[PDB]
Amino acid sequence: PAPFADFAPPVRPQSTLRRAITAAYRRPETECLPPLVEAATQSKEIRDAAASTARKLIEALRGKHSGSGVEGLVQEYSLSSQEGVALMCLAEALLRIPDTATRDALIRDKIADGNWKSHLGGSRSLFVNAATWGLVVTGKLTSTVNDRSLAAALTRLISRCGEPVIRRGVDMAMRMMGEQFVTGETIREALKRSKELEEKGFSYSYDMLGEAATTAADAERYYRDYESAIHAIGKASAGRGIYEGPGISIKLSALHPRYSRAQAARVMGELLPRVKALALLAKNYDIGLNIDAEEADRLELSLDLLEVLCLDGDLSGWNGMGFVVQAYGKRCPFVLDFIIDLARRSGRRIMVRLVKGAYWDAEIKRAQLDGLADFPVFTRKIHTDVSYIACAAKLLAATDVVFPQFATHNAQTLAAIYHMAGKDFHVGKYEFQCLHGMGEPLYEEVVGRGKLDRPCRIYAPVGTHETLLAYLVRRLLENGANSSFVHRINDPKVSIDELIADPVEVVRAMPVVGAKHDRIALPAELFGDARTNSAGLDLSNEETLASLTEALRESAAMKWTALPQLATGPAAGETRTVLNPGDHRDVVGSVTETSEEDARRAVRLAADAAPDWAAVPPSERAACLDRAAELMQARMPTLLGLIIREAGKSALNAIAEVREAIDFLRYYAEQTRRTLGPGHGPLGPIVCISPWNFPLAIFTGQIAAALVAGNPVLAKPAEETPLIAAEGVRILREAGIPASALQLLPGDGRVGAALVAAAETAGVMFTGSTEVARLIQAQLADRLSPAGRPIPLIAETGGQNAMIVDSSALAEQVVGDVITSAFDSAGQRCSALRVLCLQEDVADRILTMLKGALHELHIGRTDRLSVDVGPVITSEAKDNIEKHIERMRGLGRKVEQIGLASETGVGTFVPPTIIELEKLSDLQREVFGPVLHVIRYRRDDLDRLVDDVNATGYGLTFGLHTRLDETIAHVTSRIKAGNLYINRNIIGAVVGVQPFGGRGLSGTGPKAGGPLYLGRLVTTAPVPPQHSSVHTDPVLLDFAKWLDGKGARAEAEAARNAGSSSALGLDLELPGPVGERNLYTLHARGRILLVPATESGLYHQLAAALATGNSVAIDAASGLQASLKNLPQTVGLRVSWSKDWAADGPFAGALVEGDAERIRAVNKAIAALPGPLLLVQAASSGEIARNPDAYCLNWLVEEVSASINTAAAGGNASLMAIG
Ligand SMILES: Cc1cc2nc3c(=O)[nH]c(=O)nc-3n(C[C@H](O)[C@H](O)[C@H](O)COP(=O)(O)OP(=O)(O)OC[C@H]3O[C@@H](n4cnc5c(N)ncnc54)[C@H](O)[C@@H]3O)c2cc1C
Ligand SMILES: N[C@@H](CCC(=O)O)C(=O)O
């Protein structure tokens, strides 16, 4: 099959109307607003009449408004906010007891008289949904639950007020969850309760609350639920028709687990027939069937379903098909043009529900994460209001061919449209709509001859407690944010004049019409003045898909090559082809590999050229990196094609990798501009050995850092992926890196070994396996710099990454993050999820959902957008992974695998696999493939489990899914890993936002994409930006006092200076996208091995280690035991003496004192220690006397990155204030 010939063909050729939609997707806000203002303009007379009507409605709303039930309960029992939240959580839990008499007995006999804890909230915290009840009680969203505060509050309120307050809480929650948040628990109950307002002139559309199917079984459940509801609604409608009678609303995401543009062929083949069958049933009963609008990247896909349905002759004669359009979206007027034309062509009077939109804060976050040009929604609330009124004018001009349905709770919006529609009205011309239990106060001033005599359809949620709680936060934020009408009308500090303000005239009078909100960053400006964010590509945009298709095809027609590019020019060598891992018939290019002799020559040439590159000023070296970033951004589509075909990656992952390469270049450039001066001299020639799994990004990151720190580079790319490396070198050279400063040496591991062994090699940057890093460490321990000090090694070496999930996590969120973390990139990320740990009480349900989601993945050659998982890199990798799977299977462990299509046979594929283990110790080696292991744990054994995760010795990435603050605090304080992720996936660390790198068996540090990286690549490290701490280690202070008491005044002063200079305790938040908090902290590394030679050297080593929070093991062969007598117990607790260093590890670093040959000997003994590669610092006794910084404190602390998804509860609290 020709490369990319079937990458992403659209469902149908795009008409002129469809292209106008796509053209507006991310149109600048200043371009969108002027035509909306023009379309929304009304005469002065109408505006005065509309303001008068709006004032009348608002005066009625404020005149009949009473205090809510929850407020009256809080008042009656003098509850604090936390007590109110806790009470509603208890009431929710008591309502999970189905039998009434049993529940009432538990309240009277167990709950009221004392400890609620012994009787409820065991496997499941009482407070799982406290973020939701927090919104109900306080109006404020808090993303995680302080379950210790709520437990204290519940104990306090029960001990104070007893059974009467529990009774009132239960009755209140019963009413709210059975009658307010839903019209009824079941469609039959909802229908029964609908007759009252139908007799007053309201109508209904029932919302069955399903969305976001994760498995085929979920989708089938939502389908049969919609089918049964249509029968009930149609029986009840009893021939009333689509305007007077009730209808149903559906969400397409409920009806297929892979509802996305990437899976468009499956959507049209599998989802469409299901909608058609439901529509045929709605037709037979003559009821409305409305398609709800969801995320912006589903809008245009949903239009293809609407088109086919409206043109399908089997549905003719029925006008009940309906469709939502969101006015906060920039495409809205163009979507309406398309729908109105479709209604004309089909002869169907499409029911068009105009809404503002329910996903605003999620759309802001997604555009920022994806680095896109602009948002697909407005960023000022008043812009959405003008858009709404402009689109209403368009709909009101077309009431002969569509049925407009104006869904809004805003009385100003309502009044404007009521007067815009004019005097002639009949039922069927248009209607308003509102939400059950929210809009009735307003629309009881609208419906009926005694009011405005306009009808209103009530959108009526129907479902159980579990179903309604799933996305209730999103629903509450619709009317509960600071800019929301409903919130403002309940604000006594908001005047009626402010509420009837005309958005159209206010926008017109702004100095810059349509300006972006001042407090929302465009994705390109996420980092402000520090650096320019890389830009991505929108794979839901048909223009982008069409242009990418052509650029990818053109990339496959190119003759890609990689050569040994020495300072003197290209070199000759053995030449072989490079094959596509997904199809070995696809020759991607040719590589000429380096001889060991030319590798040694290249190091000599780099040493010769080192002074000339060091002499380029840091600002100009940084300018080279910035130029290279511009070139990679411009070349991204071609680079994507090469990464897809050479490395076996999906287009989605290739985009993210090119972004990361750009980000490394710009980040290390900025860090250079912040730090490097004449005193930060380069190490010398640096050997950069890069992996095949990130063959552009990690390749570029290591090289850019070394180059910009002033070092010439020997770049040794992975044997499997030389072509993208050669292209990266071409770009850096074009950007101004001299050929003598950057030499490319393709080949296997003996090229890397020859480079590492060369006498002029001054440092090594390695990313790859622990075994190979260990062999490199042994090579380097043979050598010293010309100054007689160890050759620095930065080695990043993988992990055995775990995710812990408790019973408070939302299963659908968990499963999405697990599927991504374990199987993205065929599990070939060092960050990938390897062990999922499920709390026993929820393990079976989550495992069922996970296996169902597994079988929805598409595996194949990655030149198709529909492929989720590509090949593994080689046949040897495939064989290694499959041997592990079969060993587990042979031991009797449950193995789940997806079936592979026959087309995979021409490449090297491993199917995504789930293996159920009894305990974590059952997994003994790192399996670098799409293989997820699952274990279960009892909640009381959580702390032991964290110990088990730490006990492996790895410490790279780690995930935690929980809503509970006590569990977050416990787990994050006890886990020892470099990159922590809370309520999100554990992959795709972002440069400068989640600096990446771990500890123990996972690496030496410093973190890539972090502020300590460049300092390792110069002889004297600079002070990184923001790198300081006001905290002083108390054991350091006790040691300094002990030194003073022994009379060692000089060393006591040096100890106090180390205490001040240490950055232990640094605690920063890094700028990033909204809806996420990204934290960066400095901790102690662990136990540092001290190898002293003199008394003063030992005191200096101890001061450095203690100032950075570490414990120490001191070499007993030093003979210096008598120098450390009578230590304070606080210091003694941190001090041990070691005769057998191998028995007393693992260590987290080392400090060595001695002459050059002593240092070399100790360096070899340290390399021989089993376990982690130690970051070793050495100094002579004279150097310790002369240089207070002989041992650099930068390398005695451990960096930790933590990324918290603060939108995980369903919305963004910070953005509730942005309008
Ligand atoms: C009957 C009915 C059916 C609905 N069905 C859907 C649906 O299928 N899909 C869907 O997405 N929504 C749907 N909604 C929700 C709806 O879109 C609104 O979120 C909600 O009703 C609030 O809008 P409002 O006009 O009633 O109030 P208003 O308070 O006047 O408006 C609030 C809205 O303003 C917008 N907004 C807030 N801040 C900003 C900002 N900084 N920049 C730009 N815009 C901003 C948001 O859209 C927000 O919801 C429906 C609402 C109703 C009444
Ligand atoms: N930085 C990558 C992993 C890099 C690697 O695999 O070595 C991530 O966070 O997904």
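Hydrogens, waters and symmetry mates are skipped; everything else that's a heavy atom, side chains included, is used. For this chain, numbers begin at 1 and follow the sequence in order. Just so you know, ligand 1 is whichever comes first in the structure, and atom 1 is the first atom listed for that ligand.
The protein heavy-atom contact nearest to atom 22 (C) of ligand 1 is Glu478 O, 3.6 Å. With hydrogens left out, the protein atom closest to atom 26 (O) of ligand 1 is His409 N, 2.7 Å, a heavy atom. Considering only non-hydrogen protein atoms, atom 43 (C) of ligand 1 sits nearest to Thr384 OG1, 3.2 Å. Protein heavy atom at the shortest distance from atom 36 (N) of ligand 1 is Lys381 CG, 3.5 Å. The nearest heavy-atom contact from the protein to atom 49 (O) of ligand 1 is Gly357 O, 3.1 Å. The protein non-hydrogen atom at the shortest distance from atom 5 (N) of ligand 1 is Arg353 NH1, 3.2 Å. Looking only at heavy atoms of the protein, atom 2 (C) of ligand 1 is closest to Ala407 CB, 3.6 Å. Protein heavy atom in closest approach to atom 8 (O) of ligand 1: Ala293 N, 3.1 Å.
Comment: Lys365 does not engage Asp361 in a salt bridge, judged by the lack of any side-chain N to carboxylate O separation of less than 4.0 angstrom. Salt bridge status for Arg366 with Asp370: present, with a side-chain N to carboxylate O gap under 4.0 Å.
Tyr430 and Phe432 have perpendicular rings, their planes meeting at more than 60° on a 0 to 90° scale where under 30° would count as parallel.
Residue contacts with ligand 2 for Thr957 are absent, since no atom lies close enough (heavy atoms, distance under 4.0 Å). With a 4.0 Å heavy-atom cut-off, ligand 2 is reached by the side chain of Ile698 but not by its N, CA, C or O.
Closest heavy-atom approach to atom 10 (C) of ligand 1 within the set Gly439, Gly322, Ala358: this belongs to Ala358. With distances taken over non-hydrogen atoms, the option nearest atom 4 (C) of ligand 1 out of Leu442, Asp361, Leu354, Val355 is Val355.
Residue-ligand proximity: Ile1218 is placed with a non-hydrogen atom under 4.0 Å from ligand 1. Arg380 counts as a contact of ligand 1, since one of its heavy atoms falls under 4.0 Å from the ligand. In this structure, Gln326 counts as a contact residue of ligand 1, since one of its heavy atoms falls inside 4.0 Å of the ligand.
Side-chain atoms of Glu29 and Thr379 form a donor-acceptor pair, as typed in the model, at a separation below 3.5 Å.
Residue-to-ligand polar distances keep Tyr459 apart from ligand 1: every N/O pair is separated by 3.5 Å or more. For a threshold of 3.5 Å applied to N or O pairs, the pair formed by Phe485 and ligand 1 contains at least one separation below that value. For ligand 2, the polar-atom distance check against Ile986 finds no nitrogen or oxygen pair separated by under 3.5 Å. Residue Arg457 places no N or O, backbone or side chain, under 3.5 Å from any N or O of ligand 1. For the pair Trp360 and ligand 1, the shortest N or O to N or O distance falls below 3.5 Å.
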Which donor-acceptor pairs under 3.5 Å do side chains of residues 691-698 form with protein atoms, sequence neighbours excluded?
from, atom 1, to, atom 2, distance (Å)
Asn693, ND2, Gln828, O, 2.9

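In this structure, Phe664 has its ring center closer than 6.0 angstrom to the ring center of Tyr668.
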